[PDB]
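Each chain, written out:
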Amino acid sequence: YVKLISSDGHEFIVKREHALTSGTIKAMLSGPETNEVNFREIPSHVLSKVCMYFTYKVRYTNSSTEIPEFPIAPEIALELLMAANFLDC
Amino acid sequence: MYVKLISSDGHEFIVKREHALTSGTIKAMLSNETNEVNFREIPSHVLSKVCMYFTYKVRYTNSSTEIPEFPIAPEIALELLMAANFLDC
Amino acid sequence: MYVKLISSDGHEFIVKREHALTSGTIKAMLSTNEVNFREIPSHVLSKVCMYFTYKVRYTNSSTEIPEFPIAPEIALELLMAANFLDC
Amino acid sequence: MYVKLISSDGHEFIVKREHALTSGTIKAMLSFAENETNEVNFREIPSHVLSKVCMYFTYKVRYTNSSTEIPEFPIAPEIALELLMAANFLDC
Amino acid sequence: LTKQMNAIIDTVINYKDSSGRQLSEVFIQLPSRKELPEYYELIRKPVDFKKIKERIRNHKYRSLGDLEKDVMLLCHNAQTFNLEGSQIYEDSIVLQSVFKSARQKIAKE
Amino acid sequence: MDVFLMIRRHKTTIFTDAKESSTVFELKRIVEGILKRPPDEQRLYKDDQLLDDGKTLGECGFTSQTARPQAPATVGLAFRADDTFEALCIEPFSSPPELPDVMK
Amino acid sequence: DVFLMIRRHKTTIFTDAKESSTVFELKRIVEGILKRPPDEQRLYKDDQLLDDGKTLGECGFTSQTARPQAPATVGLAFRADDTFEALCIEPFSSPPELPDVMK
Amino acid sequence: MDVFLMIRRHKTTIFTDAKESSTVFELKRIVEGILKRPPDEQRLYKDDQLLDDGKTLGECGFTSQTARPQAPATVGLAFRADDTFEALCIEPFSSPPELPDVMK
Amino acid sequence: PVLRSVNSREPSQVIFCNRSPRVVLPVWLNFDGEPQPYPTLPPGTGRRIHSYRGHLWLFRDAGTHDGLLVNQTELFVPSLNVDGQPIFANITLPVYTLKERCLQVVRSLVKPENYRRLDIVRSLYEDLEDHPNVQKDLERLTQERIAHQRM
Amino acid sequence: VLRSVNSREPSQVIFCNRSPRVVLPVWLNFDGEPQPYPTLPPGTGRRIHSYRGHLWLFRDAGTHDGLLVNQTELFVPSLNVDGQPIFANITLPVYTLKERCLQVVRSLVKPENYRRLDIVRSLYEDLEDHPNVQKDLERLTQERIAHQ
Amino acid sequence: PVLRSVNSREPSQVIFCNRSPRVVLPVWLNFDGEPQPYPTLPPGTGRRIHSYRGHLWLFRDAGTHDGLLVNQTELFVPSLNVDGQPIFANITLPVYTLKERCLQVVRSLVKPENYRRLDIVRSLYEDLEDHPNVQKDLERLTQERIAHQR
Ligand SMILES: Cc1ncsc1-c1ccc([C@H](C)NC(=O)[C@@H]2C[C@@H](O)CN2C(=O)[C@@H](c2cc(O[C@@H](C)CN3CC[C@@H](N4CCN5c6cc(-c7ccccc7O)nnc6NC[C@H]5C4)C3)no2)C(C)C)cc1
Ligand SMILES: Cc1ncsc1-c1ccc([C@H](C)NC(=O)[C@@H]2C[C@@H](O)CN2C(=O)[C@@H](c2cc(O[C@@H](C)CN3CC[C@@H](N4CCN5c6cc(-c7ccccc7O)nnc6NC[C@H]5C4)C3)no2)C(C)C)cc1
């Protein structure tokens with residue numbers, strides 16, 4: 001597991017492999033391994049959803065049946081796009 | 001184009017001719033040709049559902065898309081089975 | 001030795017001590033060769049013993065075990081007795 | 001596709017071809033080498049024997065390569081000797 | 001350097017876990033496409049542990065950071081292809097952890 | 001996308017399909033074709049709410065997954081008697097017998 | 001899972017069929033072999049006629065009494081015009097008296 | 001099937017999956033593995049209702065269609081202090097800014 | 001054996017996609033053409049499976065042994081794979097006759113030993129007792145292949 | 001911890017059902033997720049193609065009741081010696097009288113009617129707690145962490 | 001032209017099954033490897049279509065021109081039908097990158113003239129402006145196909 005910490009200071013414990021979906025996190029962890037990474041400019045309502053994507057990507061990559069749309073509400077769209085860009089994904 | 005099926009209790013069901021013909025027994029009774037047929041031993045809660053099947057069969061026969069289960073409630077199952085066999089649906 | 005289980009209707013059941021001990025609740029009560037069950041009738045306590053016979057005999061038997069039969073008529077009262085006994 | 005085995009006393013036994021082939025002697029007799037023969041005639045095998053010889057074909061075919069448990073193929077004393085004779089002749 | 005590359009790469013291969021089993025036994029040589037076509041379609045850069053010693057015998061790797069970049073690539077290629085919690089998945093997680101401790105002992109001591 | 005309907009007035013029940021995009025008026029015309037009564041003598045209800053001739057069945061609430069062929073959505077029908085429309089009255093279908101003991 | 005000897009006169013057919021399969025399906029198998037259509041064949045279990053609609057199971061044939069080594073006997077009769085041929089299964093050759101060696 | 005979860009106590013949020021068929025107890029064991037506190041010191045809640053260690057996530061209400069990977073179902077966590085358990089307290093995530101007029 | 005797999009030694013990657021509401025039993029016909037049960041597909045799942053070119057498959061309701069469809073037909077035989085791309089087997093409900101469908105429901109509600117107790121005609125009782133069956137259906141499918149290869 | 005191991009070495013096996021029940025063979029996949037396989041009727045046996053190190057488990061297809069294979073709960077085929085097949089003998093365990101009674105009651109009474117039986121509340125919960133591969137897998141893990 | 005249909009003259013019946021939420025634009029590559037737009041599949045719809053063996057197809061969101069997948073891959077080429085049994089093309093959403101997915105949503109909510117009003121990096125603004133495109137993607141697929149593997 002790995003600990004991602006939002007600006008407001010929420011802690012998110014997610015599987016290491018799930019997190020590594022983010023090239024930028026891969027860099028921060030792979031370059032001195034530690035367990036924590038701190039995002040001073042990403043709020044919780046965003047970093048929460050960024051994790052939810054890791055869950056989604058990990059689960060539905062290489063899925064034979066059918067894949068469901070990864071939903072993004074208008075209210076969060078812009079800040080998520082920012083966060084998404086800053087992280088590789 | 002339309003045909004009238006009349007239940008024992010005396011409900012009238014107006015359904016497309018071709019939808020009704022899905023029933024050999026009805027095909028026989030209609031094959032000039034009449035507009036009404038009366039079922040003295042089939043109640044409405046049954047003949048209603050028999051029509052719903054015509055709707056279903058006509059629509060989903062030859063469909064490339066996944067077909068959905070034609071539902072039958074326990075309470076209706078036996079009388080429907082009886083009606084079904086008489087009709088040849 | 002042997003041990004005496006007595007049903008509500010007052011039937012006596014003499015079964016080997018080790019057979020009876022298969023029941024945690026009997027194990028507790030004998031820890032004395034008698035125990036009285038005011039709420040267990042004979043047709044039930046009789047079958048409870050038959051289980052002891054079965055369990056003792058077939059536990060650690062390699063080739064094949066036969067299903068321990070329970071008739072519908074007795075099923076509920078046996079389930080009750082079973083839970084009380086811990087067998 | 002089936003085959004007809006005919007006993008001395010002239011009973012006809014129709015059994016699957018593959019069932020019959022379990023007998024080397026029969027396989028030999030069946031396999032003019034342009035096409036297949038349905039009948040084979042056993043001059044010296046009575047019915048009560050040839051009947052049981054078939055029952056063996058049924059048994060052998062069914063239980064060969066069956067995994068958990070095979071039952072013993074019963075032979076009554078009354079038939080044992082004549083069957084042994086027939087058995088050896090047939091090669092089954 | 002080539003000797004250290006041989007040490008780092010040979011320590012990761014020779015490495016046995018605490019039940020005595022060698023982990024690299026599957027990672028030694030890749031499967032033929034004829035054998036397993038799904039792996040090749042899924043994996044961009046099929047590389048194994050011989051393909052890496054071959055490079056090292058050719059000294060294709062320049063620094064110890066270029067040898068590491070392609071040991072992480074196969075160990076990550078394995079993780080992508082395999083099921084999470086598979087035998088092969090968690091050993092490519094250990095082979096990355098035994099390569100990162102093997103390079104840290106040879107390159108600075 | 002298609003919607004499957006039961007248009008029911010009293011003891012009459014009409015089974016027909018129509019597009020989500022088709023209109024309440026077009027439906028009145030289908031009824032006219034069958035029951036020989038013009039769209040100006042008809043009122044069509046979804047449950048207890050009146051449907052405006054100009055709205056699409058879609059906008060009224062009839063959809064792909066509430067108007068399936070085997071679960072047709074019910075449109076109520078009322079005819080005009082001189083000055084006033086009759087009450088919307090849909091005489092219910094016959095009740096099924098209590099479950100035989102084997103299925104209970 | 002049921003093993004059968006279907007016998008009419010001096011002819012005996014050795015064959016299997018499912019407990020769940022029907023007397024009619026059996027007539028069809030006979031049709032396939034002896035080239036005689038299903039409706040003129042009459043099949044007996046002992047001395048009782050079998051209805052085309054009943055499963056071999058419900059006629060009385062079970063896996064435990066119709067084993068491959070001890071096949072159950074279904075009697076067969078054909079139809080000539082209006083009349084029914086009598087259930088005639090001419091018995092097999094008889095075994096010699098038990099030799100004194102085996103007593 | 002698979003159920004996707006956020007187990008949250010205070011400002012801690014654990015992202016993990018389990019099976020519909022798996023139990024509230026094994027979920028406590030996953031938490032034990034991370035937060036280093038045994039299942040007898042943990043209370044797990046679905047909304048405000050306490051979850052029995054013996055029930056399957058399925059039976060608790062976590063279906064595949066309410067515990068999707070991108071919409072994880074939230075299990076609340078409480079730890080034991082001596083004789084009493086702390087209140088279930090899940091500090092909320094940061095609020096998003098009022099919807100910009102550009103997106104209206 | 002009209003309906004049977006053909007030994008090919010050329011692999012064909014396939015995707016079994018269960019788009020029925022039922023648990024699906026994939027049934028591979030072997031070279032002799034004997035049905036071989038394979039692991040079940042839960043409703044709404046899809047799995048990549050290794051089969052060979054010319055191999056013949058069939059699908060059924062693992063519980064009831066009811067007939068299903070694959071790519072709106074009864075048998076599936078993987079095409080030769082092109083460019084590594086996997087072939088797709090879309091498994092769905094057919095449009096059952098109202099009768100057969102009713103039988104299914106009655107069969108699902110009443111224990112088989114009680115079919116006898118239902119106040120219906122014996123013919124219906126026979127139909128109830130005639131459980132659907134891969135082999136019966138295979139026999140029918142053969143005669144339906146010799147009927148479009150007669151003409 | 002409890003999962004098959006990708007092996008590449010075939011191990012032919014004989015599943016022999018010597019229980020009175022229809023048996024559901026359950027193969028643990030590499031990730032260790034139970035995979036239902038085709039059922040064995042009572043008193044049947046089949047040769048099945050499996051691989052070395054593959055972990056199997058057997059159960060009553062109808063009730064999901066626990067069965068035993070070679071007097072234990074898990075079966076893992078050893079490497080074949082000289083091509084001869086390994087044998088998996090599937091049998092009833094000796095169920096507790098309680099668990100056995102539950103089995104019978106569960107089989108006679110619809111789950112919505114467990115509430116109508118004049119029994120203790122605890123028993124209602126026990127009745128409702130139907131046996132389950134996953135619950136049992138969790139238990140088997142803790143029984144292997146307790147042997148370490 | 002590496003990526004192109006092949007003149008077969010052997011018909012191949014196919015079933016286009018749209019299991020994406022999106023309206024699907026089927027795109028047939030011509031023999032000169034030129035994308036050719038075809039009639040749209042509504043969401044959750046399936047149609048039997050007449051195509052030929054070796055013909056190469058590609059699918060996309062008719063609106064956004066976003067990339068979709070057919071049978072877990074980017075390109076669909078019908079095999080020759082066995083026994084008249086139709087081939088099946090199962091069209092699905094791919095796992096979009098969170099970024100690309102976000103772009104999709106922002107693009108769908110904000111008028112292109114207002115991309116300038118978002119307090120984001122200029123590079124992100126260019127990414128917002130850079131609508132997805134069949135031709136760009138075809139060029140990429142060729143270099144990935146000219147590499148014998150991927
Ligand atoms: C009728 C009836 N009744 C009651 S039950 C039943 C019944 C039972 C069974 C069946 C069917 C026919 N049988 C089964 O279901 C059986 C049962 C159970 O035992 C599992 N199984 C299966 O079929 C699984 C299965 C098959 C398989 O075969 C491998 C050896 C093939 N694999 C590719 C070759 C090697 N792999 C080679 C690359 N290797 C990898 C290497 C790397 C790698 C290495 C170096 C550097 C980088 C790398 O990435 N990475 N990944 C690799 N992955 C594969 C690994 C090994 C093995 N194995 O399992 C199937 C179902 C999943 C029918 C009826
Ligand atoms: C409702 C709905 N919803 C969602 S989608 C949809 C839908 C889907 C499909 C359809 C309709 C019914 N179907 C289609 O549109 C299908 C689909 C797709 O598969 C292509 N196609 C077509 O119809 C093309 C088509 C192709 C072709 O094959 C030839 C036999 C037809 N013609 C004879 C002869 C040939 N030419 C071949 C070169 N040839 C020359 C070659 C050369 C040459 C070649 C190599 C090297 C050197 C050379 O010099 N030189 N000169 C040539 N001159 C002659 C030329 C002849 C073409 N049949 O149809 C059509 C569109 C092109 C509807 C709805």
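Draft legend 1. Structural context of the interface of chain F and chain B. Opposite the 26 residues of chain F that make contact, chain B presents 27 residues. Buried area between chain F and chain B, both sides added, is near 2200 Å², and the carbon and sulfur share of it is 66%. Contact with chain B buries surface across chain F, with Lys11, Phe15 and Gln70 of chain F losing the most and accounting together for 31% of the total. Inspection of the region where chain F meets chain B yields 1 salt bridge. Here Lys16 of chain B ties to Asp17 of chain F by a salt bridge, and the two come within 2.9 Å at their closest N and O atoms. Taken together, the connections running from chain F to chain B amount to 10 residue pairs in polar contact. Counting residues per element, the ones that place at least two in the side of chain F that touches chain B are β1 (2-9), β2 (12-19) and α1 (24-35) of chain F. Take the side of chain F that touches chain B: its biggest share by element is 6 residues, from β2 of chain F. Here strand β2 (residues 12-16) of chain B runs beside β2 of chain F; their pairing, made up of 3 bridges, is parallel. Counterpart to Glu12 of chain B in the pairing with β2 of chain F is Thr12 of chain F.

Draft legend 2. Region of the structure containing the site of ligand 1. With respect to spatial proximity, 25 residues lie near ligand 1, and among them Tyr39 of chain E together with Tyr37, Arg46, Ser50 and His54 of chain J are the closest. Surrounding ligand 1 are residues belonging to chains E, I and J, so the site spans chains. A distance of 3.5 Å is found between a nitrogen atom of ligand 1 and a backbone nitrogen or oxygen belonging to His49 of chain J. The side chain of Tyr51 of chain J places a nitrogen or oxygen atom 3.4 Å from an oxygen atom of ligand 1.

Draft legend 3. Inspection of unusual backbone geometry at higher detail. All names here are of chain F. Despite not being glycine, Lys36 has its phi angle at roughly 60°, a positive value. Position of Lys36 relative to the elements: it lies in the loop between α1 and β3 (42-46). The phi torsion at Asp82 lies on the positive side, around 55°, for a residue other than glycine. With respect to the element layout, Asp82 can be found in the loop between β5 (73-81) and β6 (84-85).

Draft legend 4. Here's a closer look at the sheet that holds strand β3 (residues 35-37) of chain I. Residue and element names in this part refer to chain I. Pairing within the open sheet is antiparallel, and its 3 strands lie in the order β3-β2-β5. Either end of the sheet is taken by a strand with one partner, and the two such strands are β3 and β5 (56-61). Pairwise comparison of adjacent strand axes, ignoring direction, gives a mean angle of 35° for this sheet. Looking at chain direction, strand β2 (residues 24-29) and β3 are connected through 3 bridges and run antiparallel. When the bridges of β3 are listed, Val27 appears paired with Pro37.

Draft legend 5. Main features of the sheet that holds strand β7 (residues 75-76) of chain K. Here 4 strands make up an open sheet; going across it, the order is β3-β2-β5-β7 (chain K) and the pairing antiparallel. Each of the sheet's edge strands pairs with one partner strand only, and the pair in question is β3 (35-37) and β7 of chain K.

Draft legend 6. Quick look at the pairing of strand β2 (residues 12-16) of chain C. Residues and elements named next belong to chain C. Of the strand pairs in this sheet, strand β1 (residues 2-6) and β2 are connected by 5 bridges, and their pairing is antiparallel. When the sheet's bridge partners are listed, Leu5 is paired in β2 with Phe13. The turn linking β1 back onto β2 is made up of 5 residues, and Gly10 within it adopts a positive phi angle of 90°.

Draft legend 7. Up close: the side chain of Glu17 of chain A. In this fold, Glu17 of chain A is placed in helix α1 (residues 16-19). One buried charged side chain, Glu17 of chain A, makes no salt bridge at all; its nearest oppositely charged neighbour is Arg16 of chain A, positioned 4.9 Å away. Apart from the residues within four sequence positions on either side, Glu17 of chain A is in contact with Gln79, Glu84, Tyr89 and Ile93 of chain E.

Draft legend 8. Representation of the site of ligand 2 within the structure. Residue and element names in this part refer to chain K. Inspection of the region around ligand 2 gives 13 residues, with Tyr38, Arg47, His50, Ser51 and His55 positioned closest. The contact in question runs from an oxygen atom of ligand 2 to an N or O atom on the side chain of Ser51, over 2.4 Å. Taking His55, its side chain carries an N or O atom lying 2.9 Å from an oxygen atom of ligand 2. Considering ligand 2 on its own, with 1200 Å² of exposed area, one finds that the protein chains cover 45% of that surface. Contributions of two or more residues to the shell around ligand 2 are made by β2 (24-29) and β4 (46-52). When residues of the shell around ligand 2 are assigned to their parent elements, the largest contribution, 5 residues, is made by β4. When grouped by side-chain class, the residues that make up the shell around ligand 2 number 8 nonpolar, 4 polar and 1 charged.

Draft legend 9. Region of interest: the pattern of salt bridges. Taken as a whole and assessed by the stated rule, the structure comprises 87 salt bridges over all chains. Across the pair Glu69 of chain B and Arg101 of chain I runs a salt bridge, and its minimum N-O distance is 3.3 Å. Here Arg101 of chain I lies in helix α1 (residues 98-109) and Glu69 of chain B lies in the loop between α3 (44-60) and α4 (74-87), a pairing that spans two chains. Since its relative accessible area comes to 22%, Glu69 of chain B is described here as partly exposed.

Draft legend 10. Looking closely at α1 of chain I. Here α1 of chain I spans 17 Å end to end across 12 residues, near enough to the 16 Å set by a 1.5 Å rise per residue. Turning to α1 of chain I, its buried residues number three or more, namely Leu98, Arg101, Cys102, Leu103, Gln104, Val105, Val106 and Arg107 of chain I. Along its buried surface, α1 of chain I packs onto α3 and α4 of chain B together with α2 (122-129) of chain I.

Draft legend 11. View of the arrangement of the chains. With no contact formed, the shortest span from any C-alpha in chain A to any C-alpha in chain C equals 42 Å. In this structure chain C stays clear of chain K, and the shortest span between their C-alpha atoms is 49 Å.

Draft legend 12. Just the interface of chain A and chain H, in detail. Each partner contributes to the interface: chain A provides 27 residues, whereas chain H provides 27 residues. Summed over both sides, the interface between chain A and chain H buries roughly 2300 Å², with carbon and sulfur atoms accounting for 64% of that surface. It is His10, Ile13 and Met52 of chain A in chain A that bury the most area against chain H; as a group they hold 25% of the surface buried on that side. For the interface between chain A and chain H, the tally reads 1 salt bridge. Salt-bridge contacts for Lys15 of chain A lead to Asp17 of chain H; the nearest nitrogen and oxygen are separated by 3.7 Å. Scanning the region where chain A abuts chain H turns up 10 residue pairs in polar contact.

Draft legend 13. Focus on the nonpolar core. If you look at the biggest cluster of nonpolar residues, it comprises 63 residues, and the most contacted ones within it are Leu5 and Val50 of chain B together with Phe16, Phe59, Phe76, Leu98 and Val106 of chain I. It is α3 of chain B that contributes the most residues to this core, 9 residues altogether.

Draft legend 14. Representation of the environment of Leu88 of chain H. All names here are of chain H. Within the secondary structure layout, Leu88 lies in the segment after β6 (84-85). Overall, the relative accessible area of 25% leaves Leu88 in the partly exposed class. Sequence-wise, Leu88 and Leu57 are 31 residues apart; in three dimensions their C-alpha atoms are separated by 19 Å. Not counting the four nearest positions on each side in its chain, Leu88 is found in contact with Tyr45, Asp47, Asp48, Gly76 and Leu77.

Scoring rules and cut-offs
- Residues numbered from 1 in each chain as written, not as in the entry; some residues may be left out.
- Chains lettered and ligands numbered in written order.
- Part of a larger assembly, values for the part shown.
- Heavy atoms only, no water.
- Contact = heavy atoms within 4.5 Å.
- Buried area = accessible area lost by both parts, 1.4 Å probe.
- Salt bridge = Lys/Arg side-chain N within 4 Å of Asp/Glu carboxyl O.
- Polar contact = N/O pair within 3.5 Å; in protein donor to acceptor, adjacent residues only side chain to side chain.
- Helix = DSSP H or I, 4+ residues; strand = E, 2+ residues; numbered from the N terminus.
- Pairing = 2+ DSSP bridges.
- Near = heavy atom within 4 Å.
- Axes fitted to C-alpha atoms, helices over the stretch in contact; angles between N-to-C directions.
- Buried < 20%, exposed > 50% of the residue type's maximum accessible area, 1.4 Å probe, protein only.
- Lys, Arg positive; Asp, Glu negative; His and termini not counted.
- Areas by Shrake-Rupley, 256 points an atom, 1.4 Å probe, with all protein chains shown as cover.
- Nonpolar A, V, L, I, M, F, W, Y, C, P; charged D, E, K, R; others polar.
- Expected span 1.5 Å × (residues − 1).
- Core = buried A, V, L, I, M, F, W, Y, C linked by side-chain atoms within 4.5 Å.

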